[PDB]
Amino acid sequence: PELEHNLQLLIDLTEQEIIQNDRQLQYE
Amino acid sequence: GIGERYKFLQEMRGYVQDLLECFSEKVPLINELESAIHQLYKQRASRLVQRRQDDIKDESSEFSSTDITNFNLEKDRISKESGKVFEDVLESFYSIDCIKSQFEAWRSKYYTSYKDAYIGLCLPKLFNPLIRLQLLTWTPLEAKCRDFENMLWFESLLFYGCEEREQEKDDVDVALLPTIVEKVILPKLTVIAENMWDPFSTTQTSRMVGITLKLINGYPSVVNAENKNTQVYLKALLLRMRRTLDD
């Protein structure tokens, strides 16, 4: 049961983190 | 590497989606299968403690197998049934070496991301159905049971995280071995000792002292006398004898 929300969260986190990495790249 | 990971994670979600849809039926069955062998052992324990005490009373006053074979056939049935409730699941969801290879490659690509996000802590939860399934009927004291070294979970992980670098207290792989052995194996060993061990067998008693020390000697950092779970395990062993006198 826990695996459903937890693994899918990483997918949504990666899409967000790509925007965050780009923001961090742009800032640096 | 996140872009390749994103592709991999989306593939993983579908892969796990079939597993969890299957698991919606099988997770209740894990509790049922575990109860089934424990009740069967309880049937074995209730019958054998009652009859053998009468036999031992006669034998002790002097100095002062049929059920076991029947039990083994049904124990093997439940053992095979447990492996057949998970035979309709792909090998990649239960081969521990396949699972380990994915997470080692994950760390090898994203060491910082694996350590900081504690991704290694997902392994005991994924192995939680698997370790419970493998240790379901296991009791290393019996004449036909495998040793703990002859299982996937122990051999694959025995040197996992035992790197040549100084062991940091927060290194996720260095902390993996204490977490699985203390929090998963020892409560399971407590349940095994309390519900499955038959203390009257002298041969099992000889194996008991040996196997307990073997775990302590193989993991002195984890399975030491100060460890609360090891203490709980040692305390349970004595309490099982007490209950064996009560029944």
# chains A, B, ... in the order shown; residues from 1 in each chain; ligands from 1
>>> closest_atom_pairs(of="chain A", to="chain B", cutoff="7 Å", atoms="only C-alpha atoms", output="Markdown table")
| residue | atom | partner | partner_atom | distance |
| --- | --- | --- | --- | --- |
| A:1 | CA | B:20 | CA | 6.8 |
| A:7 | CA | B:13 | CA | 6.5 |
| A:8 | CA | B:13 | CA | 6.3 |
| A:11 | CA | B:9 | CA | 6.0 |
| A:14 | CA | B:6 | CA | 6.3 |
>>> residues_around(residues="residue 104 in chain B", least_positions_apart="2", cutoff="12 Å", atoms="only C-alpha atoms", output="number ranges by chain")
B: 96-102, 106-111, 114-115, 119-120, 123, 156-157, 160-161, 172-173
>>> residues_around(residues="range 45-58 of chain B", least_positions_apart="3", cutoff="7 Å", atoms="only C-alpha atoms", output="short mmCIF file (atom, residue, chain, number, x, y, z; two decimals) with N, CA and C atoms, in the first residue's frame")
data_model
loop_
_atom_site.label_atom_id
_atom_site.label_comp_id
_atom_site.auth_asym_id
_atom_site.auth_seq_id
_atom_site.Cartn_x
_atom_site.Cartn_y
_atom_site.Cartn_z
N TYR B 41 1.33 -24.80 14.07
CA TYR B 41 2.32 -24.99 15.13
C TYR B 41 1.66 -25.03 16.50
N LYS B 42 0.61 -24.21 16.70
CA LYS B 42 -0.14 -24.21 17.97
C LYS B 42 -0.84 -25.55 18.17
N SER B 61 10.37 -39.71 36.56
CA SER B 61 10.08 -40.45 37.80
C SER B 61 10.90 -41.73 37.89
N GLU B 62 11.17 -42.36 36.75
CA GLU B 62 12.05 -43.52 36.69
C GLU B 62 13.45 -43.18 37.16
N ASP B 198 9.61 -25.67 19.74
CA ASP B 198 9.19 -26.69 20.70
C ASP B 198 10.39 -26.90 21.63
N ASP B 247 1.28 -24.87 29.45
CA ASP B 247 0.41 -25.61 28.54
C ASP B 247 0.66 -27.10 28.65
#
>>> atom_distance(atom1="CA of residue 66 in chain B", atom2="CA of residue 189 in chain B")
26.9 Å
